Amino acid sequence: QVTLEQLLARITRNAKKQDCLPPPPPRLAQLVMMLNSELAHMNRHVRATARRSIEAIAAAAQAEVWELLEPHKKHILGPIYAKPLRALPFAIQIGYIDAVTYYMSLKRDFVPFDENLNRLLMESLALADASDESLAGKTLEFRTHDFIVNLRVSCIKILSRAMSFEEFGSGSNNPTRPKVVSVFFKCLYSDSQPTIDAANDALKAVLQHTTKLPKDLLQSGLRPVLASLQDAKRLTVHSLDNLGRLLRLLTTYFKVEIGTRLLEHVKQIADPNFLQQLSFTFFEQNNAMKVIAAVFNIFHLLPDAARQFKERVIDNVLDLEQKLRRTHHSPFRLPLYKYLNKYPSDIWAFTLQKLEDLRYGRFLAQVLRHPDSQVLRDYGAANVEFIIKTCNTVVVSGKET
Amino acid sequence: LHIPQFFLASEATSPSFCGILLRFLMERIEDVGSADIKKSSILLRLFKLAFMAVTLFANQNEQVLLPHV
């Protein structure tokens, strides 16, 4: 790749738009045709190198990529439309999808919305809507799983790119866009990180662009996550992760009392004998502790209305630590710090309101010594004067504490 | 290095310390191929100690090593 970069830089020293296009001979016409040919290869590195070389050639010649690629678009497009996409192996499907996605991003009108493109998009949607067992069967083999994940990611990306085109789904009025959003939501709850990231990005982009959401579609999207949060015994980490992702996505949609329900679940799980037995060992890998930590993690994502549970959560954490006999360290410390760092004024005021008690100043001092607690340190630096004033009031009050 | 080895060989403290050591080493795993003999040799020796400790107490340490395998 380095040698290819050097050669391309050297040969294009004095390029001009006339030499990079066919006659109305040109030096770089054959080179550009050859490079454009390899944009649908089954090897991702080949595609990356081809597109990088094309962009480098275009920049030096002072032109636009679509101008260079307009004459040769057929050579790449024709083969893709000639076969049903549901029969080819995984690698060929992925290459074709990626090539079409890149081609329809140079400019809005580069790829017309003819019958073939619509058929390809429906095929991609159907592929993304399938199941691991259906797609040749998931034998747990590593390579098949990787192929399936990559294919799903490519389908999601092409659908997201098609969403930006107002034409897609508008001229139909049939449930295409609703189905696309439903598939996005279904993919956002998968067990694979790459597809989860792709789905999250596509969904956030769609939500920002649309600016509004039908009530029924969002009700359907939000029903599955709230379905599993009606039983403490059935609470699992994955459901809490999905809820956190949704909260990060739809900021001003959810409501209060979910935190109270989660705290009730926590109290249910934290059996006294269970904790007494969990002590005397390394419980950081126990499932129940992981569930409790996951529950704690959500509080720092809720809207401002969650500010009223600070005392409750602090009391719960301190009592749990007392039960387990831990100090300076526990699985619940990190999310608690993350949450408490969002309300520096409130936490400062609450802590200074109970300066007499020794159990809270110690906790605040422990919190402030963490590397990631910077906003609290800034607020403390700002209000050192008030802190000293209140402490002077306490000392001059004339007590034994 | 004789301190971790002594801790792991002992029956009483082997499980918890093995778990802590594995949880710590799985973050630096990326430094095992750093091409600096001094840095990589220590990591390799620590991994060897952890696996030997797993071997010694089969029925107690297997559950600790199961997640990272």
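Protein sequences appear in the order of chains A and B. The first sequence lines up with residues 1253 to 1276, 1293 to 1669 when you count with PDB author numbering. The second sequence lines up with residues 697 to 765 when you count with PDB author numbering. The beta carbon of each residue, even a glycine, is placed where N, CA and C say it ideally should be.
Taking beta-carbon pairs under 9 Å, can you tell me which members of the stretch 1536-1560 of chain A lie near chain B? Here the close residues are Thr1549, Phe1550, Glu1552 and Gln1553.
Can you tell me whether residue 1201 (chain A) is helix, strand or coil according to DSSP? Chain A is shown only over 1253 to 1669; residue 1201 (chain A) falls outside these bounds and no answer can be derived.
Would you say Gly715 (chain B) faces chain A, with C-beta separation under 8 Å as the test? Under the 8 Å criterion on CB atoms, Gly715 (chain B) is classed as interfacial with respect to chain A.
Along the chain, where does the alpha helix (DSSP H) that runs through residue 1283 (chain A) open and close? One cannot assign coordinates to residue 1283 (chain A), given that chain A in this structure leaps from 1276 to 1293.
To the nearest angstrom, how far is it from the Cα of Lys1341 (chain A) to the Cα of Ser1488 (chain A)? A straight-line Cα-Cα distance of about 41 Å links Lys1341 (chain A) and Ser1488 (chain A).
What is the residue span of the alpha helix (DSSP H) that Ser710 (chain B) lies within? Per DSSP, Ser710 (chain B) is one residue of the alpha helix (DSSP H) stretching across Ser710 to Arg724.
Assigned exposure category for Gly1666 (chain A) - 16 Cβ within 10 Å defines buried: Burial call: exposed.
Closer than 9 Å at the beta carbon, the chain A residues around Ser712 (chain B): The contacting residues are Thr1549 and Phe1550.
Helix, strand or coil: how does DSSP classify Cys1423 (chain A) here? Looking at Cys1423 (chain A) - three-state DSSP - the assignment turns out to be helix.
On a Cα-Cα basis, can you pick out the residue from B:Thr751, B:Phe743 and B:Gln756 that is closest to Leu697 (chain B)? For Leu697 (chain B), the closest of B:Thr751, B:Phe743 and B:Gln756 by C-alpha to C-alpha distance is B:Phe743.
Could you tell me the distance, in whole angstroms, from the CA atom of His1506 (chain A) to the CA atom of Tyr1457 (chain A)? Spanning the two alpha carbons is a distance of roughly 8 Å.
Cα-Cα separation between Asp1572 (chain A) and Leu1608 (chain A), rounded to whole angstroms: C-alpha separation (whole angstroms): 12 Å.
DSSP state of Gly1437 (chain A), grouped into three classes? In the structure shown, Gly1437 (chain A) sits in coil (DSSP, three-state: anything other than H, G, I, E or B).
Determine the DSSP secondary structure at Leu1497 (chain A), reduced to helix, strand or coil. Residue state for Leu1497 (chain A) is assigned as coil, using DSSP reduced to three classes.
Between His1568 (chain A) and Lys1606 (chain A), which are expected to be in contact by the criterion C-beta below 8 Å, what is the C-beta distance as a whole number of angstroms? Taking the Cβ atoms as the reference, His1568 (chain A) lies roughly 5 Å from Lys1606 (chain A), within the contact range of under 8 Å.
Using CA coordinates, which residue listed in A:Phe1577, A:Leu1620 and A:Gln1634 is at the minimum distance from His1597 (chain A)? Of A:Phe1577, A:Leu1620 and A:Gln1634, the residue nearest in Cα terms is A:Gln1634.
Say whether chain A places a C-beta atom closer than 8 Å to the C-beta of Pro700 (chain B). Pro700 (chain B) does not count as touching chain A.
Roughly how many angstroms lie between the CA atoms of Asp1465 (chain A) and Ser1428 (chain A), to the nearest whole one? CA-CA distance, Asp1465 (chain A) to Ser1428 (chain A), rounds to 13 Å.
Could you tell me if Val1652 (chain A) is buried or exposed, where buried requires 16 or more neighbouring beta carbons within 10 angstroms of its beta carbon? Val1652 (chain A) counts as exposed, since fewer than 16 other beta carbons sit within 10 angstroms of its beta carbon.
Excluding the 5 residues flanking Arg1593 (chain A) on each side, which residues of the same chain have their C-beta closer than 7 Å to its C-beta? Within the same chain, Cβ atoms closer than 7 Å to the Cβ of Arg1593 (chain A) are found at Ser1547, the five residues on either side in sequence being excluded.
So, helix, strand or coil for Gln1621 (chain A), using DSSP? It is coil, neither helix nor strand.
Quick one: residues in its chain with C-beta nearer than 8 Å to the C-beta of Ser730 (chain B), no 5 flanking neighbours on either side, listed in chain order? Only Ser736 meet the Cβ criterion.
C-alpha gap between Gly1405 (chain A) and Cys1423 (chain A), whole angstroms: Roughly 19 Å separates the two Cα atoms.
Please tell me whether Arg1354 (chain A) and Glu1306 (chain A) are closer than 8 Å, where the distance is taken between their beta carbons. The Cβ atoms of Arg1354 (chain A) and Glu1306 (chain A) lie no closer than 8 Å to each other.
Below 8 Å on the Cβ atoms is my guess for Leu1303 (chain A) versus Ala1318 (chain A); work out the distance and round it to an integer in Å. The pair is a contact, with the Cβ atoms about 5 Å apart (cut-off 8 Å).
Comparing C-alpha positions only, which one of A:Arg1529, A:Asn1554 and A:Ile1560 sits nearest to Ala1574 (chain A)? Of the candidates A:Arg1529, A:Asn1554 and A:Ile1560, the one whose C-alpha sits nearest the C-alpha of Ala1574 (chain A) is A:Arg1529.
Between which residues of its own chain and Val1314 (chain A) is the CB-CB distance below 6 Å, once the five residues before and five after are set aside? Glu1306.
Here's a check: name, in chain order, each residue in its chain whose Cβ is nearer than 7 Å to the Cβ of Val728 (chain B), leaving out the five neighbours to either side. Within the same chain, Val728 (chain B) has close Cβ partners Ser736, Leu739 and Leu740.
8 Å Cβ cutoff met for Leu704 (chain B) and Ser710 (chain B): With contacts defined as CB atoms closer than 8 Å, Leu704 (chain B) and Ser710 (chain B) qualify as a contacting pair.
In angstroms, rounded to a whole number, what distance separates the CA positions of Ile1322 (chain A) and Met1301 (chain A)? In a straight line, the C-alpha of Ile1322 (chain A) is about 10 Å away from that of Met1301 (chain A).
In angstroms, rounded to a whole number, what distance separates the CA positions of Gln1253 (chain A) and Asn1311 (chain A)? Taking the straight line from one Cα to the other gives about 14 Å.
Selected residue, minimal CA-CA separation from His1309 (chain A), among A:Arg1262, A:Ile1360 and A:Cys1272: The candidate whose alpha carbon is nearest that of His1309 (chain A) is A:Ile1360.
If you run the structure through DSSP and keep just helix, strand and coil, what is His1313 (chain A)? The answer is helix: DSSP assigns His1313 (chain A) an H, G or I state.
Give me, in chain order, the residues of the same chain whose beta-carbon lies closer than 8 Å to that of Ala1331 (chain A); leave out the 5 immediate sequence neighbours on both sides. Scanning its chain for C-beta atoms nearer than 8 Å, with the 5 sequence neighbours on each side dropped, one finds around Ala1331 (chain A) the residues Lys1269 and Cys1272, in chain order.
From which residue to which residue does the alpha helix (DSSP H) around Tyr1364 (chain A) run? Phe1358 to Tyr1371 is the extent of the alpha helix (DSSP H) around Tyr1364 (chain A).
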